[PDB]
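Visitor: One file: structure39.csv (CSV, N, CA and C atoms and all ligand atoms).
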chain,number,residue,atom,x,y,z
A,17,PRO,N,0.8,-1.2,0.0
A,17,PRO,CA,0.0,0.0,0.0
A,17,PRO,C,0.9,1.3,0.0
A,18,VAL,N,0.2,2.4,-0.3
A,18,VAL,CA,0.9,3.7,-0.3
A,18,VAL,C,0.2,4.6,0.7
A,19,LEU,N,0.9,5.7,1.1
A,19,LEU,CA,0.3,6.8,1.8
A,19,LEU,C,0.2,8.0,1.0
A,20,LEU,N,-0.8,8.8,1.2
A,20,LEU,CA,-1.1,10.1,0.4
A,20,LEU,C,-1.0,11.2,1.4
A,21,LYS,N,0.1,12.0,1.4
A,21,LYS,CA,0.3,13.0,2.4
A,21,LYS,C,0.4,14.4,1.8
A,22,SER,N,-0.4,15.3,2.4
A,22,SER,CA,-0.4,16.7,2.0
A,22,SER,C,1.0,17.3,2.4
A,23,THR,N,1.6,17.9,1.4
A,23,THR,CA,3.0,18.4,1.7
A,23,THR,C,2.9,19.6,2.6
A,24,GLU,N,1.9,20.4,2.4
A,24,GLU,CA,1.8,21.7,3.1
A,24,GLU,C,1.4,21.5,4.6
A,25,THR,N,0.6,20.5,5.0
A,25,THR,CA,0.1,20.4,6.3
A,25,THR,C,0.6,19.1,7.0
A,26,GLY,N,1.3,18.2,6.2
A,26,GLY,CA,1.7,17.0,6.8
A,26,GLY,C,0.6,16.0,7.2
A,27,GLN,N,-0.6,16.2,6.7
A,27,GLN,CA,-1.7,15.3,7.0
A,27,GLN,C,-1.9,14.3,6.0
A,28,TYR,N,-2.2,13.0,6.4
A,28,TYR,CA,-2.5,11.9,5.5
A,28,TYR,C,-4.0,11.8,5.2
A,29,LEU,N,-4.3,11.5,3.9
A,29,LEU,CA,-5.6,11.2,3.5
A,29,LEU,C,-6.2,9.9,4.2
A,30,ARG,N,-7.4,10.0,4.6
A,30,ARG,CA,-8.0,8.8,5.3
A,30,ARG,C,-9.5,8.6,4.8
A,31,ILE,N,-9.9,7.4,4.4
A,31,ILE,CA,-11.3,7.1,4.2
A,31,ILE,C,-11.8,6.3,5.4
A,32,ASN,N,-12.8,6.8,6.1
A,32,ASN,CA,-13.4,6.2,7.3
A,32,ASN,C,-14.4,5.2,6.8
A,33,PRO,N,-14.7,4.2,7.7
A,33,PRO,CA,-15.7,3.1,7.3
A,33,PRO,C,-17.1,3.7,7.1
A,34,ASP,N,-17.4,4.9,7.7
A,34,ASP,CA,-18.7,5.5,7.5
A,34,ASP,C,-18.8,6.3,6.2
A,35,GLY,N,-17.8,6.2,5.3
A,35,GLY,CA,-17.9,6.9,4.0
A,35,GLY,C,-17.3,8.3,4.0
A,36,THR,N,-17.1,8.9,5.2
A,36,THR,CA,-16.5,10.2,5.2
A,36,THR,C,-15.0,10.2,4.9
A,37,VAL,N,-14.4,11.3,4.4
A,37,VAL,CA,-13.0,11.4,4.1
A,37,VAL,C,-12.4,12.6,4.8
A,38,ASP,N,-11.3,12.4,5.5
A,38,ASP,CA,-10.6,13.6,6.1
A,38,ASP,C,-9.1,13.4,6.2
A,39,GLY,N,-8.4,14.2,7.0
A,39,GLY,CA,-7.0,14.2,7.1
A,39,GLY,C,-6.6,13.9,8.5
A,40,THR,N,-5.5,13.1,8.7
A,40,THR,CA,-5.0,12.8,10.0
A,40,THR,C,-3.5,12.8,10.1
A,41,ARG,N,-2.9,13.2,11.2
A,41,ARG,CA,-1.5,13.1,11.4
A,41,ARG,C,-1.1,11.8,12.1
A,42,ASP,N,-2.1,11.0,12.5
A,42,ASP,CA,-1.9,9.7,13.1
A,42,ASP,C,-1.4,8.6,12.2
A,43,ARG,N,-0.1,8.5,12.1
A,43,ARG,CA,0.6,7.5,11.2
A,43,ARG,C,0.2,6.1,11.5
A,44,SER,N,-0.5,5.8,12.7
A,44,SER,CA,-0.8,4.5,13.1
A,44,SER,C,-2.2,4.0,12.6
A,45,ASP,N,-3.0,4.9,12.1
A,45,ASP,CA,-4.3,4.6,11.6
A,45,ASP,C,-4.2,3.7,10.4
A,46,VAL,N,-4.8,2.5,10.4
A,46,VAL,CA,-4.7,1.6,9.3
A,46,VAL,C,-5.5,2.2,8.1
A,47,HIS,N,-6.4,3.1,8.4
A,47,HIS,CA,-7.3,3.7,7.4
A,47,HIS,C,-6.6,4.7,6.4
A,48,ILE,N,-5.3,5.0,6.7
A,48,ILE,CA,-4.6,5.9,5.8
A,48,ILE,C,-3.9,5.1,4.6
A,49,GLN,N,-4.0,3.8,4.6
A,49,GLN,CA,-3.4,3.0,3.5
A,49,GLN,C,-4.2,2.9,2.3
A,50,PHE,N,-3.6,3.2,1.1
A,50,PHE,CA,-4.3,3.1,-0.2
A,50,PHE,C,-3.7,2.1,-1.2
A,51,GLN,N,-4.5,1.7,-2.1
A,51,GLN,CA,-4.0,1.0,-3.3
A,51,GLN,C,-4.3,1.8,-4.5
A,52,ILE,N,-3.3,2.1,-5.3
A,52,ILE,CA,-3.5,2.8,-6.6
A,52,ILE,C,-3.7,1.7,-7.7
A,53,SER,N,-4.8,1.7,-8.3
A,53,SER,CA,-5.1,0.7,-9.4
A,53,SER,C,-5.4,1.3,-10.7
A,54,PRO,N,-5.0,0.7,-11.8
A,54,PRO,CA,-5.2,1.2,-13.1
A,54,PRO,C,-6.7,1.2,-13.5
A,55,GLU,N,-7.2,2.2,-14.1
A,55,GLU,CA,-8.5,2.3,-14.7
A,55,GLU,C,-8.3,2.5,-16.2
A,56,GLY,N,-8.5,1.5,-17.0
A,56,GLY,CA,-8.2,1.7,-18.4
A,56,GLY,C,-6.7,1.9,-18.6
A,57,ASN,N,-6.4,2.8,-19.6
A,57,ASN,CA,-5.0,3.0,-19.9
A,57,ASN,C,-4.4,4.3,-19.5
A,58,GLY,N,-5.2,5.2,-19.0
A,58,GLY,CA,-4.8,6.6,-18.7
A,58,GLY,C,-5.0,7.1,-17.2
A,59,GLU,N,-5.9,6.4,-16.5
A,59,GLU,CA,-6.4,6.9,-15.2
A,59,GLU,C,-6.0,5.9,-14.1
A,60,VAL,N,-6.4,6.3,-12.9
A,60,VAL,CA,-6.2,5.5,-11.7
A,60,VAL,C,-7.4,5.6,-10.8
A,61,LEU,N,-7.6,4.6,-9.9
A,61,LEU,CA,-8.6,4.7,-8.8
A,61,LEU,C,-7.7,4.7,-7.5
A,62,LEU,N,-8.3,5.4,-6.5
A,62,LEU,CA,-7.6,5.5,-5.2
A,62,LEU,C,-8.5,4.8,-4.2
A,63,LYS,N,-8.0,3.6,-3.8
A,63,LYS,CA,-8.8,2.7,-3.0
A,63,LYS,C,-8.3,2.4,-1.6
A,64,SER,N,-9.2,2.5,-0.6
A,64,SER,CA,-8.8,2.2,0.8
A,64,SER,C,-8.5,0.7,0.9
A,65,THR,N,-7.3,0.4,1.4
A,65,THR,CA,-6.9,-1.0,1.6
A,65,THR,C,-7.8,-1.7,2.6
A,66,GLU,N,-8.1,-1.1,3.7
A,66,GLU,CA,-8.8,-1.7,4.8
A,66,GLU,C,-10.4,-1.7,4.6
A,67,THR,N,-10.9,-0.8,3.8
A,67,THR,CA,-12.4,-0.7,3.7
A,67,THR,C,-12.9,-1.1,2.3
A,68,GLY,N,-12.0,-1.0,1.4
A,68,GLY,CA,-12.5,-1.3,0.0
A,68,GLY,C,-13.2,-0.1,-0.7
A,69,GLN,N,-13.3,1.0,-0.1
A,69,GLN,CA,-13.9,2.2,-0.7
A,69,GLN,C,-13.0,3.0,-1.6
A,70,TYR,N,-13.6,3.5,-2.6
A,70,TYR,CA,-12.9,4.4,-3.6
A,70,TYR,C,-13.1,5.8,-3.3
A,71,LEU,N,-12.1,6.6,-3.5
A,71,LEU,CA,-12.2,8.1,-3.3
A,71,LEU,C,-13.0,8.7,-4.4
A,72,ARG,N,-14.0,9.6,-4.1
A,72,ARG,CA,-14.9,10.2,-5.0
A,72,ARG,C,-14.8,11.7,-4.8
A,73,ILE,N,-14.7,12.5,-5.8
A,73,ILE,CA,-15.0,14.0,-5.7
A,73,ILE,C,-16.3,14.3,-6.4
A,74,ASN,N,-17.3,14.8,-5.7
A,74,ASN,CA,-18.6,15.1,-6.2
A,74,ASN,C,-18.6,16.4,-7.0
A,75,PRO,N,-19.5,16.6,-7.9
A,75,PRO,CA,-19.6,17.9,-8.6
A,75,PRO,C,-19.6,19.1,-7.7
A,76,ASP,N,-20.2,19.0,-6.5
A,76,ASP,CA,-20.3,20.1,-5.6
A,76,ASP,C,-19.1,20.4,-4.8
A,77,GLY,N,-18.0,19.6,-5.0
A,77,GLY,CA,-16.8,19.9,-4.3
A,77,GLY,C,-16.6,19.0,-3.1
A,78,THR,N,-17.6,18.2,-2.7
A,78,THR,CA,-17.4,17.4,-1.5
A,78,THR,C,-16.7,16.1,-1.9
A,79,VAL,N,-16.1,15.5,-0.9
A,79,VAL,CA,-15.2,14.3,-1.1
A,79,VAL,C,-15.6,13.2,-0.2
A,80,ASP,N,-15.9,12.1,-0.7
A,80,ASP,CA,-16.3,11.0,0.2
A,80,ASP,C,-15.9,9.7,-0.4
A,81,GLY,N,-16.3,8.6,0.2
A,81,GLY,CA,-16.0,7.2,-0.2
A,81,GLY,C,-17.2,6.5,-0.8
A,82,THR,N,-16.9,5.7,-1.8
A,82,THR,CA,-18.0,4.9,-2.3
A,82,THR,C,-17.5,3.5,-2.8
A,83,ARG,N,-18.4,2.5,-2.7
A,83,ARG,CA,-18.1,1.2,-3.2
A,83,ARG,C,-18.8,0.9,-4.6
A,84,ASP,N,-19.5,1.9,-5.1
A,84,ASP,CA,-20.1,1.9,-6.4
A,84,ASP,C,-19.1,2.0,-7.6
A,85,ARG,N,-18.6,0.8,-8.1
A,85,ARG,CA,-17.6,0.8,-9.1
A,85,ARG,C,-18.1,1.5,-10.4
A,86,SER,N,-19.4,1.7,-10.5
A,86,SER,CA,-19.9,2.3,-11.7
A,86,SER,C,-19.9,3.9,-11.7
A,87,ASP,N,-19.5,4.4,-10.5
A,87,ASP,CA,-19.6,5.9,-10.4
A,87,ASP,C,-18.5,6.6,-11.2
A,88,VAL,N,-19.0,7.6,-12.0
A,88,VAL,CA,-18.0,8.2,-12.9
A,88,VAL,C,-17.1,9.2,-12.2
A,89,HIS,N,-17.3,9.4,-10.9
A,89,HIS,CA,-16.4,10.4,-10.2
A,89,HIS,C,-15.3,9.8,-9.3
A,90,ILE,N,-14.9,8.6,-9.6
A,90,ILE,CA,-13.8,7.9,-8.8
A,90,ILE,C,-12.5,7.8,-9.6
A,91,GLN,N,-12.5,8.3,-10.9
A,91,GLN,CA,-11.4,8.2,-11.7
A,91,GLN,C,-10.5,9.5,-11.6
A,92,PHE,N,-9.2,9.3,-11.3
A,92,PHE,CA,-8.2,10.4,-11.1
A,92,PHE,C,-7.1,10.3,-12.1
A,93,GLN,N,-6.4,11.4,-12.3
A,93,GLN,CA,-5.2,11.5,-13.0
A,93,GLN,C,-4.1,12.0,-12.1
A,94,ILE,N,-3.0,11.4,-12.0
A,94,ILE,CA,-1.9,11.9,-11.2
A,94,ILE,C,-0.9,12.7,-12.0
A,95,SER,N,-0.7,14.0,-11.7
A,95,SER,CA,0.2,14.8,-12.5
A,95,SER,C,1.4,15.2,-11.7
A,96,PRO,N,2.6,14.8,-12.1
A,96,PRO,CA,3.9,15.3,-11.5
A,96,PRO,C,3.9,16.8,-11.4
A,97,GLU,N,4.4,17.3,-10.3
A,97,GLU,CA,4.4,18.7,-10.0
A,97,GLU,C,5.8,19.2,-9.8
A,98,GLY,N,6.6,18.3,-9.1
A,98,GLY,CA,8.0,18.6,-8.7
A,98,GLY,C,8.0,19.4,-7.5
A,99,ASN,N,8.9,19.1,-6.5
A,99,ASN,CA,9.8,17.9,-6.7
A,99,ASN,C,9.3,16.7,-5.9
A,100,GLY,N,9.0,15.6,-6.6
A,100,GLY,CA,8.5,14.5,-5.9
A,100,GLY,C,7.0,14.7,-5.5
A,101,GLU,N,6.5,15.8,-5.8
A,101,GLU,CA,5.1,16.1,-5.5
A,101,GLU,C,4.2,15.9,-6.7
A,102,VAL,N,2.9,15.6,-6.4
A,102,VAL,CA,1.9,15.3,-7.4
A,102,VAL,C,0.6,16.0,-7.1
A,103,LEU,N,-0.2,16.2,-8.1
A,103,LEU,CA,-1.6,16.7,-7.9
A,103,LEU,C,-2.5,15.5,-8.2
A,104,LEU,N,-3.6,15.4,-7.5
A,104,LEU,CA,-4.6,14.4,-7.8
A,104,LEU,C,-5.9,15.0,-8.3
A,105,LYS,N,-6.1,14.8,-9.6
A,105,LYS,CA,-7.2,15.5,-10.3
A,105,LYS,C,-8.3,14.6,-10.7
A,106,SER,N,-9.6,14.8,-10.3
A,106,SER,CA,-10.7,14.0,-10.8
A,106,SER,C,-11.0,14.3,-12.3
A,107,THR,N,-11.0,13.3,-13.1
A,107,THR,CA,-11.1,13.5,-14.5
A,107,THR,C,-12.5,14.1,-14.9
A,108,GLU,N,-13.5,13.7,-14.2
A,108,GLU,CA,-14.9,14.1,-14.6
A,108,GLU,C,-15.2,15.6,-14.3
A,109,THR,N,-14.7,16.1,-13.2
A,109,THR,CA,-15.0,17.5,-12.8
A,109,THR,C,-13.8,18.5,-12.9
A,110,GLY,N,-12.6,18.0,-13.2
A,110,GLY,CA,-11.5,18.9,-13.2
A,110,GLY,C,-11.1,19.4,-11.9
A,111,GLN,N,-11.6,18.8,-10.8
A,111,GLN,CA,-11.2,19.3,-9.4
A,111,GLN,C,-10.0,18.6,-8.9
A,112,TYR,N,-9.1,19.3,-8.2
A,112,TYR,CA,-8.0,18.7,-7.5
A,112,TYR,C,-8.4,18.4,-6.0
A,113,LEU,N,-7.9,17.3,-5.5
A,113,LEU,CA,-8.1,17.0,-4.1
A,113,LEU,C,-7.3,17.9,-3.2
A,114,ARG,N,-7.9,18.4,-2.1
A,114,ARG,CA,-7.3,19.3,-1.2
A,114,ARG,C,-7.5,18.9,0.2
A,115,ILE,N,-6.4,18.9,1.0
A,115,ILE,CA,-6.6,18.7,2.5
A,115,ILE,C,-6.4,20.1,3.1
A,116,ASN,N,-7.4,20.5,3.9
A,116,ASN,CA,-7.4,21.9,4.5
A,116,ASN,C,-6.7,21.8,5.8
A,117,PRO,N,-6.2,22.9,6.3
A,117,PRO,CA,-5.5,22.8,7.6
A,117,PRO,C,-6.4,22.3,8.7
A,118,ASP,N,-7.7,22.5,8.7
A,118,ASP,CA,-8.6,22.0,9.8
A,118,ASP,C,-9.0,20.5,9.6
A,119,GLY,N,-8.3,19.8,8.7
A,119,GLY,CA,-8.5,18.4,8.5
A,119,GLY,C,-9.6,17.9,7.6
A,120,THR,N,-10.4,18.9,7.1
A,120,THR,CA,-11.4,18.6,6.1
A,120,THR,C,-10.8,18.3,4.7
A,121,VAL,N,-11.5,17.5,3.9
A,121,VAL,CA,-11.0,17.2,2.6
A,121,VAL,C,-12.1,17.6,1.6
A,122,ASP,N,-11.7,18.3,0.5
A,122,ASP,CA,-12.6,18.7,-0.5
A,122,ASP,C,-11.9,18.9,-1.9
A,123,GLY,N,-12.6,19.5,-2.9
A,123,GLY,CA,-12.1,19.7,-4.2
A,123,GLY,C,-12.0,21.1,-4.6
A,124,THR,N,-11.0,21.4,-5.4
A,124,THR,CA,-11.0,22.8,-6.0
A,124,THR,C,-10.4,22.8,-7.4
A,125,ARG,N,-10.8,23.7,-8.2
A,125,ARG,CA,-10.3,23.9,-9.5
A,125,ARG,C,-9.1,24.9,-9.6
A,126,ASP,N,-8.7,25.4,-8.4
A,126,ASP,CA,-7.6,26.4,-8.4
A,126,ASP,C,-6.3,25.7,-8.3
A,127,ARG,N,-5.6,25.6,-9.5
A,127,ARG,CA,-4.3,24.9,-9.6
A,127,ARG,C,-3.2,25.5,-8.7
A,128,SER,N,-3.4,26.8,-8.3
A,128,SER,CA,-2.3,27.5,-7.6
A,128,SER,C,-2.6,27.3,-6.1
A,129,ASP,N,-3.6,26.6,-5.7
A,129,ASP,CA,-3.8,26.4,-4.2
A,129,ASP,C,-2.7,25.5,-3.6
A,130,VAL,N,-2.1,26.0,-2.6
A,130,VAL,CA,-0.9,25.3,-2.0
A,130,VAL,C,-1.4,23.9,-1.3
A,131,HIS,N,-2.7,23.8,-1.0
A,131,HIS,CA,-3.1,22.7,-0.3
A,131,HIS,C,-3.5,21.4,-1.1
A,132,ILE,N,-3.2,21.5,-2.4
A,132,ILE,CA,-3.5,20.4,-3.3
A,132,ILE,C,-2.2,19.6,-3.7
A,133,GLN,N,-1.1,19.9,-3.1
A,133,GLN,CA,0.2,19.2,-3.4
A,133,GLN,C,0.3,18.0,-2.5
A,134,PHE,N,0.5,16.8,-3.1
A,134,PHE,CA,0.7,15.6,-2.3
A,134,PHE,C,2.0,14.9,-2.6
A,135,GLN,N,2.5,14.1,-1.6
A,135,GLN,CA,3.6,13.2,-1.9
A,135,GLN,C,3.1,11.8,-1.7
A,136,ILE,N,3.4,10.9,-2.6
A,136,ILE,CA,3.0,9.5,-2.5
A,136,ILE,C,4.2,8.7,-2.0
A,137,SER,N,4.0,8.0,-0.8
A,137,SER,CA,5.1,7.2,-0.3
A,137,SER,C,4.6,5.7,0.0
A,138,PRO,N,5.5,4.8,-0.3
A,138,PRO,CA,5.2,3.4,0.2
A,138,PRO,C,5.1,3.3,1.7
A,139,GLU,N,4.2,2.5,2.2
A,139,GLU,CA,3.9,2.4,3.6
A,139,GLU,C,5.0,1.6,4.3
A,140,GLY,N,5.4,0.5,3.8
A,140,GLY,CA,6.4,-0.4,4.4
A,140,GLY,C,6.5,-1.7,3.7
B,201,CL,CL,-16.2,5.9,10.7
B,202,CL,CL,-9.0,25.0,7.3
What's the structure tokens form of this structure?
Ligand SMILES: [Cl-]
Ligand SMILES: [Cl-]
Guide:
Amino acid sequence: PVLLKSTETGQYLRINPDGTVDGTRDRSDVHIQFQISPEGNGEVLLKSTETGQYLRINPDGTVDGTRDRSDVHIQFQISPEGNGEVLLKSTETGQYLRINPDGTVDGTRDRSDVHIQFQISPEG
């Protein structure tokens, strides 16, 4: 599995079993572990290792988890930003995943937002 960490706030993305999505600095939470899987030839899905939920960015900017494999809002593109940083963009809405300093997670189209930079690291 990999971890998805906001460079700016040092918080890790987490999908909770209740479907909500937030950020935590608790490195010991098993819920911060993800699998990145191919979707077709150009995209990826971001899936919770422990719960099996996929990350979704909804049209309204909210971010949650779903097990509906048919949902068009679970497909992402990972774009290198440098250095070693990436952005995570939902293909359907053009929104980038953001972890806010208060721990909430949402989407934004503002490419210059500092809170949309991630680093992907192997867990262990
Ligand atoms: Cl929960
Ligand atoms: Cl905030």
Visitor: Within 6 Å of ligand CL 202 (chain B), which residues show up when you count only C-alpha atoms and all ligand atoms? List them as a list in words, please.
Guide: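 For ligand CL 202 (chain B), the residues inside 6 Å are residues 116, 117 and 118 of chain A.
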Visitor: Could you write out that same residue set with N, CA and C atoms as a PDB file, in the coordinates of the input?
Guide:
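Output saved as again.pdb:
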ATOM      1  N   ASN A 116      -7.400  20.500   3.900  1.00  0.00           N
ATOM      2  CA  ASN A 116      -7.400  21.900   4.500  1.00  0.00           C
ATOM      3  C   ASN A 116      -6.700  21.800   5.800  1.00  0.00           C
ATOM      4  N   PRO A 117      -6.200  22.900   6.300  1.00  0.00           N
ATOM      5  CA  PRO A 117      -5.500  22.800   7.600  1.00  0.00           C
ATOM      6  C   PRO A 117      -6.400  22.300   8.700  1.00  0.00           C
ATOM      7  N   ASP A 118      -7.700  22.500   8.700  1.00  0.00           N
ATOM      8  CA  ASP A 118      -8.600  22.000   9.800  1.00  0.00           C
ATOM      9  C   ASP A 118      -9.000  20.500   9.600  1.00  0.00           C
TER      10      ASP A 118
END
Visitor: May I have the residues within 8 Å of ligand CL 201 (chain B), computed using all atoms listed in the file, as a ChimeraX atom specification?
Guide: /A:31-36
Visitor: Might you pull out every residue within 5 Å of region 65-80 of chain A, with all atoms listed in the file counted and same-chain residues fewer than 6 positions away left off, and present them as a list in words?
Guide: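 Listed by chain and then number, they are residues 35, 36, 37, 49, 50, 51, 89, 90, 122 and 123 of chain A.
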Visitor: Do a neighbour search on region 128-135 of chain A at 6 Å with only N, CA and C atoms, toss out local chain neighbours closer than 4 positions, and write the hits as a count of residues only.
Guide: 15
Visitor: A:39, A:60, A:46, A:111: which is nearest residue 26 (chain A), counting only C-alpha atoms?
Guide: A:39
Visitor: Give as a PyMOL selection string every residue, naming chains and numbers as the document does, that has an atom within 8 Å of (-11.6, 3.8, -10.6), counting all atoms listed in the file.
Guide: chain A and resi 53-56+59-63+70-71+85+87-92
Visitor: Quick check for you: according to DSSP on this backbone, which residues of chain A are classed as strand (DSSP E)? Reply as a PyMOL selection string.
Guide: chain A and resi 18-22+28-31+37-40+50-55+59-64+70-73+79-82+92-96+102-106+112-115+121-124+134-138
Visitor: So how far away is CA of residue 126 (chain A) from CA of residue 84 (chain A), in Å?
Guide: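 Those two atoms sit 27.6 Å apart.
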Visitor: What is the CA of residue 83 (chain A)-atom C of residue 43 (chain A) distance in Å, reported with one decimal?
Guide: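 Distance between the two atoms: 24.0 Å.
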Visitor: Can you measure CA of residue 82 (chain A) to CA of residue 138 (chain A) for me? One decimal in Å is fine.
Guide: 23.4 Å
Visitor: Can you check which residues of chain A DSSP gives as helix (DSSP H, G or I) on the backbone and send them as a PyMOL selection string?
Guide: chain A and resi 46-48+130-132
Visitor: From the list A:107, A:64, A:86, A:124, which residue is nearest residue 48 (chain A) when using all atoms listed in the file?
Guide: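 Closest to residue 48 (chain A) of all the choices is A:64.
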Visitor: Any idea what's packed within 6.5 Å of residue 38 (chain A), counting all atoms listed in the file, ignoring anything in its chain fewer than 5 positions away? Could you give it as a ChimeraX atom specification?
Guide: /A:28-32,119-121
Visitor: Taking all atoms listed in the file into account, which of A:98, A:52, A:93, A:127 comes nearest residue 17 (chain A)?
Guide: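 With all atoms listed in the file as the atom set, the closest residue is A:52.
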Visitor: Only N, CA, C and O atoms, please: region 98-112 of chain A from the block, as an mmCIF file, in the first residue's frame.
Guide:
data_model
loop_
_atom_site.group_PDB
_atom_site.id
_atom_site.type_symbol
_atom_site.label_atom_id
_atom_site.label_comp_id
_atom_site.auth_asym_id
_atom_site.auth_seq_id
_atom_site.Cartn_x
_atom_site.Cartn_y
_atom_site.Cartn_z
ATOM 1 N N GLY A 98 6.589 18.283 -9.082
ATOM 2 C CA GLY A 98 7.960 18.567 -8.694
ATOM 3 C C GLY A 98 8.031 19.439 -7.454
ATOM 4 O O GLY A 98 7.288 20.418 -7.333
ATOM 5 N N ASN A 99 8.920 19.090 -6.528
ATOM 6 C CA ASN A 99 9.800 17.931 -6.673
ATOM 7 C C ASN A 99 9.310 16.723 -5.873
ATOM 8 O O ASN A 99 9.212 16.775 -4.645
ATOM 9 N N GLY A 100 9.011 15.634 -6.570
ATOM 10 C CA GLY A 100 8.473 14.453 -5.925
ATOM 11 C C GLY A 100 7.031 14.664 -5.495
ATOM 12 O O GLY A 100 6.429 13.792 -4.876
ATOM 13 N N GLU A 101 6.478 15.827 -5.822
ATOM 14 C CA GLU A 101 5.091 16.135 -5.476
ATOM 15 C C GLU A 101 4.163 15.917 -6.666
ATOM 16 O O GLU A 101 4.572 16.058 -7.819
ATOM 17 N N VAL A 102 2.912 15.568 -6.383
ATOM 18 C CA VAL A 102 1.948 15.327 -7.439
ATOM 19 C C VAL A 102 0.634 16.026 -7.099
ATOM 20 O O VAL A 102 0.387 16.375 -5.944
ATOM 21 N N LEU A 103 -0.187 16.245 -8.114
ATOM 22 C CA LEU A 103 -1.562 16.682 -7.890
ATOM 23 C C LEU A 103 -2.468 15.504 -8.202
ATOM 24 O O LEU A 103 -2.127 14.664 -9.032
ATOM 25 N N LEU A 104 -3.624 15.448 -7.543
ATOM 26 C CA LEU A 104 -4.580 14.360 -7.755
ATOM 27 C C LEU A 104 -5.875 14.976 -8.297
ATOM 28 O O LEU A 104 -6.635 15.592 -7.559
ATOM 29 N N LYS A 105 -6.119 14.817 -9.596
ATOM 30 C CA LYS A 105 -7.211 15.511 -10.273
ATOM 31 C C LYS A 105 -8.316 14.554 -10.718
ATOM 32 O O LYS A 105 -8.046 13.556 -11.386
ATOM 33 N N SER A 106 -9.559 14.846 -10.349
ATOM 34 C CA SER A 106 -10.674 14.014 -10.797
ATOM 35 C C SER A 106 -11.026 14.329 -12.254
ATOM 36 O O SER A 106 -11.326 15.476 -12.599
ATOM 37 N N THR A 107 -10.984 13.303 -13.098
ATOM 38 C CA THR A 107 -11.107 13.461 -14.545
ATOM 39 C C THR A 107 -12.454 14.076 -14.947
ATOM 40 O O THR A 107 -12.527 14.900 -15.864
ATOM 41 N N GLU A 108 -13.508 13.698 -14.231
ATOM 42 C CA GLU A 108 -14.871 14.083 -14.586
ATOM 43 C C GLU A 108 -15.190 15.568 -14.320
ATOM 44 O O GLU A 108 -15.909 16.206 -15.101
ATOM 45 N N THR A 109 -14.654 16.123 -13.230
ATOM 46 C CA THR A 109 -14.982 17.493 -12.835
ATOM 47 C C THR A 109 -13.828 18.486 -12.904
ATOM 48 O O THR A 109 -14.027 19.674 -12.672
ATOM 49 N N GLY A 110 -12.624 18.002 -13.199
ATOM 50 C CA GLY A 110 -11.460 18.861 -13.235
ATOM 51 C C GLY A 110 -11.070 19.411 -11.872
ATOM 52 O O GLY A 110 -10.268 20.351 -11.796
ATOM 53 N N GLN A 111 -11.618 18.847 -10.792
ATOM 54 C CA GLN A 111 -11.232 19.300 -9.446
ATOM 55 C C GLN A 111 -10.028 18.557 -8.858
ATOM 56 O O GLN A 111 -9.906 17.345 -9.019
ATOM 57 N N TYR A 112 -9.144 19.293 -8.173
ATOM 58 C CA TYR A 112 -7.991 18.713 -7.475
ATOM 59 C C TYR A 112 -8.352 18.446 -6.013
ATOM 60 O O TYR A 112 -9.030 19.252 -5.377
#
